[PDB]
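This report concerns only the one structure given below.
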Amino acid sequence: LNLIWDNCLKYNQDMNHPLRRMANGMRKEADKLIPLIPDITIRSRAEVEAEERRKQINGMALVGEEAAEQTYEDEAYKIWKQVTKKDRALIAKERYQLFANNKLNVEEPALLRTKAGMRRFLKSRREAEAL
Amino acid sequence: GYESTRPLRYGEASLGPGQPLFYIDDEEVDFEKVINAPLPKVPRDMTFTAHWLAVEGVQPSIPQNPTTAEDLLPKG
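If you're matching them up, the sequences are chains K and E in order. The first sequence maps to residues 400 to 455, 564 to 638 in PDB author numbering. The second sequence maps to residues 81 to 150, 155 to 160 in PDB author numbering.
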C-alpha cells in the first residue's frame, strides 16, 4: 500500500487531481483497518518441526466533481448510500430495461403482485411498530 | 315447550324381542334447585371490524385471513 501511494503520486505529479485524493482516503482506510492482521509467518511444518527437534474522460470528471462536492455532506447519508446502492442499482437496471427506447417491450417480465413481497412489507411494518 | 335449552335424552323400554319402545327422560325436581340455580353467561355486545380481503387480486397473509394450509382455480 505504501508504494501504491507513491506510485499514484509519481505517475501523475498533478497534486490537484482527485485521483490522489481518493488514494489519500484509501490510505486513511488502510490505517483504520490495518491493525486487525497480526504479523504471522507461513512456517512450513517441516521448518517448525525441525526447529522443535533441534530445541528438543467525462466519467472521471464527474467523479472528481462529486469528490469536490463531498466537502459538504453527512456521514449518515454516505452510510445510507453504501447500504442501499446494490438494490437501487438492480431496481434501476430493471426499470430501464422495461422501457427501452420509450416503447413498452413485450418480452420483459410483467409487473405483478406476489405474496412474498407483501410478507416482506408486513415484516417491515412490524419492525416499525416495535418502535 | 320445545324451546328449552336442556339436552334431549331418550329412554329405552323392551316390549319384547325386536320390539323396543322409547320415551322421553324426565325426572321430578324440587323447586329449590330450579329457583336457586345461577343464570347462564351473558354474551358480549354486537360489533364490527374491518380488514383487506385482497389487494389487486392477491390475498394478504394476515391473521384475519385464512391460512394457506386450509377449488379456487380452474385447471381445465
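Each residue gets a CB set at the ideal place from its N, CA and C atoms; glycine is no exception.
Does any residue of chain E bring its CB to less than 7 Å from the CB of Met414 (chain K)? no
Secondary structure at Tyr103 (chain E), three-state DSSP: helix, strand or coil? coil
Is it right to say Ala422 (chain K) is buried, meaning 16 or more other beta carbons lie within 10 angstroms of its own, or is it exposed? buried
Taking Cβ-Cβ distances below 8 Å as the criterion, which residues of the stretch 601 to 635 of chain K are in contact with chain E? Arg620, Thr621, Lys622, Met625, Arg626 and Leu629
Excluding five sequence neighbours on each side, which residues of the same chain lie with their C-beta closer than 6 Å to the C-beta of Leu133 (chain E)? none
Would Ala429 (chain K) pass as a contact of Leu400 (chain K) if the rule is Cβ separation under 7 Å? yes
Go ahead and pull the three-state DSSP assignment for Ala130 (chain E). coil
So, does the CB of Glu112 (chain E) fall closer than 7 Å to a CB anywhere in chain K? no
Nearest chain K C-beta to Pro140 (chain E) closer than 7 Å, yes or no? yes
Whole-angstrom Cβ separation of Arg420 (chain K) and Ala574 (chain K), contact assumed at under 8 Å? 6 Å
Any 3 or more C-beta pairs closer than 8 Å across the stretch 599 to 610 of chain K and the stretch 109 to 117 of chain E: no
Identify every residue that forms a DSSP beta bridge with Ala93 (chain E). E:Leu101
Check the DSSP bridge columns for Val135 (chain E) and list the partner residues they point to. E:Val138
Our contact map puts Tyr90 (chain E) next to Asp105 (chain E) with C-beta atoms below 8 Å; I'd like the distance itself, whole angstroms only. 7 Å
Give me the Cα-Cα distance between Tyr584 (chain K) and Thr591 (chain K), rounded to the nearest whole angstrom. 11 Å
Return the CA-CA distance between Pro120 (chain E) and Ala617 (chain K), expressed in angstroms with no decimal places. 59 Å
Judging by CA-CA distance, which residue of K:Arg620, K:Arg633 and K:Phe628 is the nearest neighbour of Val135 (chain E)? K:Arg620
In terms of alpha-carbon separation, which member of E:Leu88, E:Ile142, E:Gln139 and E:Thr129 lies closest to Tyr103 (chain E)? E:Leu88
Quick one, are the C-beta atoms of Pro146 (chain E) and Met625 (chain K) less than 7 Å apart? no
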